[PDB]
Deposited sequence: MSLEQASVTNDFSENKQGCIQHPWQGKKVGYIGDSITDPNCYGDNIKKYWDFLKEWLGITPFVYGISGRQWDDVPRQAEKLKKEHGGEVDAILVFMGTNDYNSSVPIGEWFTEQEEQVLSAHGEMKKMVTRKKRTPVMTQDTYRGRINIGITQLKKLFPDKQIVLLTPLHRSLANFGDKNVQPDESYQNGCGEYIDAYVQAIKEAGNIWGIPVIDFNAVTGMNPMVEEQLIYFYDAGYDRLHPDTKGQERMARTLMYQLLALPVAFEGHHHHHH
């Protein structure tokens, strides 16, 4: 058997942990190991509300080339205190239904996805919708956000470690779980990177995988990026690219 992602062209959507612009990124290792041509759209500080824009740029510049897409986003939504929100809104409706006898109008509760940039769930609904609309025939995979600790970049950018809830009373857990739940909600594969990478900066001995123990226990260093890449390599073995 051969690796299904070997020699494929892949679009990478995300934040600074994916952003090309001191640290060699995971997609660069995959390029070397599996010959995967990378189309990187991840940008520093971006959140799930930026998924549609990144997807659109990918479509515009490489629509006829890209084979698969990986979405690694969400840690910034947590940091920016983006309210989790709701997946759907629901209400009674009347609809034609038939199961053995003449069809007739019946009352059935109907749900409608909440399409808003105001909430995390809303952003995920909008993002996945756009991804499927633009790339309906491609392999699209979501990766959950990594564990994170303290990060201090100046007097206007101070991020407490993950033992703290953010400004809207949520732990990073809610931002990780929403992505995992999106798998069944929208019908899309999810790689639980948060867990499978085995990287947790809350355990100081594992800070060997992060940028600087003194002020940045959020961004992985090259060593962490390589462990992420190797993890992704075997986790992707379970998903085809060419159908």
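Residues 1 to 19, 41 to 44, 267 to 274 of the deposited sequence have no C-alpha coordinates in the structure.
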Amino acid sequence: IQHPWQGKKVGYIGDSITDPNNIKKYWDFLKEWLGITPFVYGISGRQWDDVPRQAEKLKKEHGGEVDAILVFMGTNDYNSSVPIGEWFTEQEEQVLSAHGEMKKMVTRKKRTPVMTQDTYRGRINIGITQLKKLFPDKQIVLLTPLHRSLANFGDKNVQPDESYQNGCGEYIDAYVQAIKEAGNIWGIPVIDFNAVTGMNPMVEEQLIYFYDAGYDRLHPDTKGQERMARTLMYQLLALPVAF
From here on, numbers count along this sequence of modelled residues.
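Between 40 to 48 and 26 to 34, it is 26 to 34 that carries the larger average Cα temperature factor according to the deposited entry.
Stretches 90 to 98 and 130 to 138 differ in mean CA B factor, with 90 to 98 having the higher one. The PDB entry assigns the greatest CA B-factor among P201, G64, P189, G198 to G64.
The PDB entry gives the largest Cα B-factor of the residues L143, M115, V82, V158 to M115. Sort the modelled residues of the chain by CA B factor and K60 lands in the highest third. Remark: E226 belongs to the middle third of its chain, ranked by C-alpha B-factor as recorded.
Compared with the other modelled residues of the chain, the Cα B-factor recorded for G122 ranks in the lowest third.
Sort the modelled residues of the chain by CA B factor and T107 lands in the highest third. Split the chain's modelled residues into thirds by C-alpha temperature factor. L232 is in the middle one.
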